[PDB]
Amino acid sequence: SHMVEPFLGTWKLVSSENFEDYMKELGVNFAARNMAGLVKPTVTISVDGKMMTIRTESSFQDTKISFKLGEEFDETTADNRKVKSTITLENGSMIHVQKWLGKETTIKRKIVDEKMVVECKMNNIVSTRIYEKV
């Protein structure tokens, strides 16, 4: 397994653009939007054989997912949506699709200059979050 290797590690958020409207588009209630909005999460990406784990830790939230690449799985998101998630590697990006209630959002991560640039998109609203390797 070579294609995941650049994303393996511990990443700490350092910048965020338009996260408020992305969450607004997602339906996150306004109280939760300021819990998520004023915090810098640490995201940990790891592999244990067949299995990948992506842990997100906050002051507030401490959620994580485990999955095999390209195998849909059930996920409860931090805002309590019950989604169907599929995570692939495509063109050197890691792509996470969530589908729920006939809605979809995607989270794309790519390594640029040793930083992890994460693009969150729903319905033409885009948020860009950039993490630094710890």
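For every residue, the number given is its place in the sequence shown, counted from 1.
- The mean Cα B-factor in the deposited entry runs higher for 34-42 than for the other of 81-89 and 34-42.
- Remark: stretch with higher mean C-alpha B factor among 48-56 and 22-30 is 48-56.
- Among all modelled residues in this chain, the alpha-carbon of residue 103 has a temperature factor (C-alpha) in the middle third.
- In the deposited entry, the Cα temperature factor of residue 64 sits in the top third of values across the chain's modelled residues.
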